[PDB]
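Reading the structure
Residues per chain, in single letters:
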Amino acid sequence: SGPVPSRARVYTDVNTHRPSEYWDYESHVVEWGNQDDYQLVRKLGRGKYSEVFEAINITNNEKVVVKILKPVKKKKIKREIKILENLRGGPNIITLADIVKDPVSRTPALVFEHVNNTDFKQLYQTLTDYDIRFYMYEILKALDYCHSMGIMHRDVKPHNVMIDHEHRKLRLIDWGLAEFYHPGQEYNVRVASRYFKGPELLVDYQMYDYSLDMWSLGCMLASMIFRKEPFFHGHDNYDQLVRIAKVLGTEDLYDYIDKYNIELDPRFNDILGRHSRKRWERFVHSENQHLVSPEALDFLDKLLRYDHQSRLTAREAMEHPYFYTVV
Ligand SMILES: CCCOc1ccc(CN)cc1Cl
Ligand SMILES: CCCOc1ccc(CN)cc1Cl
Ligand SMILES: CCCOc1ccc(CN)cc1Cl
Ligand SMILES: CCCOc1ccc(CN)cc1Cl
């Protein structure tokens, strides 16, 4: 009979009702500018798909961020460009400012707005309960916006969240794995970083949606409020589901597999075992109790659910009592 189909509970048909120009990235015309307007300043980081640099726009002495793209399918570069162009100016979304190529190497490069990621290690003040609520709300604004625009980020994790704490500014970056949501489409499950992969990815359920980002956000919330990084510490993709099952329990996992008629990989036979569903209160310790509250655990419980359909949407999350105190 095969797996039972699924579709997003929200923003289901936003790409369906838009003209193809919006979501047909393969047909998008990229106009590559000239990289001489920029001087590279320093190396910011290295990724699987890119090298990120701090730079100066020499025409106006303004700091920019330059992402030089590593060898990848032309289709993937076009997808990222089109998504960034569609989301440009959205709340807490990194802003694409220019698309350039070095006249000699012809290597593709994306130019973005500068974001000054705070060195948190050099602050007397440690993370507070209010800080978590404030920045979790800013991420949600970004996710509700991109989901409303028919886009799944698919790589929500701390390294893809830039925070300028002095200006209380947050930006969701690296749209390289992002994809347009089309109801009924079967997606590649080899997305997201291991610790942040949703159970749908781990059981190879391809008909996933925006709710994938909500699981990733829940992993980030658990790691912050409990001071346990990462929260689900798998050593491989199969072991990752086992770490999740040791907290959410095996009974709800079998209800999830049964509901969607999911074919479970035989590699899971000898490793899943039997696990009770743990209370979230059991992760509270003297070192994290200032970040934990009944509201925070109720909110966490509503994100970290096997059933992608039963997770809060980004808009439902924004209305949770956990955020009543945020501006
Ligand atoms: C007007 C709806 C078009 O539907 C799609 C567009 C693009 C894709 C990805 N190849 C899939 C679908 Cl169903
Ligand atoms: C809730 C506040 C902590 O969250 C962060 C702090 C710094 C960074 C830098 N990538 C990212 C996150 Cl999510
Ligand atoms: C530990 C492996 C068990 O495998 C399964 C468990 C539950 C279901 C749903 N009837 C299916 C499988 Cl293969
Ligand atoms: C915002 C006030 C606190 O909210 C709660 C208190 C208790 C529970 C259940 N133990 C849930 C919530 Cl949201």
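Residues numbered from 1 in each chain as written, not as in the entry; some residues may be left out. Chains lettered and ligands numbered in written order. Heavy atoms only, no water.

For this coordinate set, the PDB header names X-ray crystallography as the determination method and states a resolution of 1.8800 Å.

Digging into the UniProt feature "domain: Protein kinase" in the protein chain
Under the UniProt annotation, "domain: Protein kinase" lies at residues 38-323. Taken end to end, residues 38-323 has its terminal C-alpha atoms 41 Å apart, with 31% of it in helix and 17% in strand. (UniProt positions renumbered as here; feature names shortened; annotations may be inferred. Helix = DSSP H or I, 4+ residues; strand = E, 2+ residues; numbered from the N terminus.)

With respect to the environment of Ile 257
On the secondary structure map, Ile 257 appears in helix α7 (residues 250-259). A relative accessible area of 10% places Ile 257 in the buried class. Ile 257 sits 254 residues away from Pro 3 along the chain, and the two C-alpha atoms are 9.2 Å apart. When near neighbours in sequence (up to four residues on either side) are disregarded, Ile 257 contacts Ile 262 and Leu 264. (Buried < 20%, exposed > 50% of the residue type's maximum accessible area, 1.4 Å probe, protein only. Contact = heavy atoms within 4.5 Å.)

Let's talk about helix α3 (residues 129-148)
Spanning 20 residues, α3 covers 28 Å between terminal C-alpha atoms, matching the ideal 28 Å at 1.5 Å per step. For α3, the tally of buried residues reaches 16 of 20 residues, placing the bulk of the element in the interior. Positioned one or two residues after α3, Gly 150 has a phi angle of 70°, which is positive. (Expected span 1.5 Å × (residues − 1).)

Quick look at the site of ligand 1
All residues in the neighbourhood of ligand 1 are listed as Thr 16, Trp 23, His 182 and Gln 185. Within the complex, the protein chains bury 47% of what would otherwise be the 380 Å² of accessible surface of ligand 1. Looking at side-chain class alone, the shell around ligand 1 contains one nonpolar, three polar and no charged residues. (Near = heavy atom within 4 Å. Areas by Shrake-Rupley, 256 points an atom, 1.4 Å probe, with all protein chains shown as cover. Nonpolar A, V, L, I, M, F, W, Y, C, P; charged D, E, K, R; others polar.)

Comments concerning the packing of helix α5 (residues 211-226) against helix α8 (residues 294-301)
Contact geometry for α5 and α8: axes closest at 10 Å, N-to-C directions at 155°. Here α8 runs roughly antiparallel to α5, going by the angle between their axes. Between α5 and α8 the crossing geometry is left-handed. Counted together, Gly 218, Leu 221, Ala 222, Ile 225 and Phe 226 of α5 and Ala 296, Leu 297, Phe 299 and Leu 300 of α8 form the full contact between these two elements. Of the residues belonging to the contact of α5 with α8, the class tally is eight nonpolar, one polar and no charged. (Axes fitted to C-alpha atoms, helices over the stretch in contact; angles between N-to-C directions. Parallel < 35°, antiparallel > 145°, perpendicular 65-115°, else oblique. Left-handed = near helix turned anticlockwise from the far one by under 90°.)

What to know about the UniProt feature "binding site: ATP" in the protein chain
According to UniProt, the positions carrying the feature "binding site: ATP" are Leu 44, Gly 45, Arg 46, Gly 47, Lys 48, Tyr 49, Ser 50, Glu 51, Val 52 and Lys 67. With the annotated positions falling across 24 residues, the maximum pairwise C-alpha distance of 14.1 Å places them together in a single cluster. Here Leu 44 shows up in strand β2 (residues 38-46). Looking at the element boundaries, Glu 51 is found in strand β3 (residues 50-57).

Topic: the domain arrangement of the protein chain
We note that the domain assignment places domain 1 (6-23 + 115-327) and domain 2 (24-114) within the protein chain. For domain 1 and domain 2, the distance between their C-alpha centroids amounts to 27 Å. Facing 26 residues of domain 1, the contacting portion of domain 2 comprises 22 residues. Three residues, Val 115, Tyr 145 and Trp 175, lead the burial of domain 1 against domain 2; their summed loss comes to 28% of the area buried on that side. Inspection of the domain 1/domain 2 interface yields three salt bridges. The residue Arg 79 makes a salt bridge to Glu 179 at a minimum N-O spacing of 3.3 Å. Inspection of the domain 1/domain 2 interface yields 13 residue pairs in polar contact. (Domains from an automatic or database assignment. Buried area = accessible area lost by both parts, 1.4 Å probe. Salt bridge = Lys/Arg side-chain N within 4 Å of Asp/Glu carboxyl O. Polar contact = N/O pair within 3.5 Å; in protein donor to acceptor, adjacent residues only side chain to side chain.)

Brief notes about the pairing of strand β6 (residues 108-113)
Within β6, six of the six residues are buried, which leaves it mostly tucked inside the rest of the structure. As paired strands, strand β5 (residues 96-101) and β6 are joined by five bridges and run antiparallel to one another. Paired with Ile 99 across the strands is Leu 110, a residue of β6. Between β5 and β6, which pair antiparallel in sequence order, lie six residues; one of them, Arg 106, sits at a positive phi of approximately 60°. (Pairing = 2+ DSSP bridges.)

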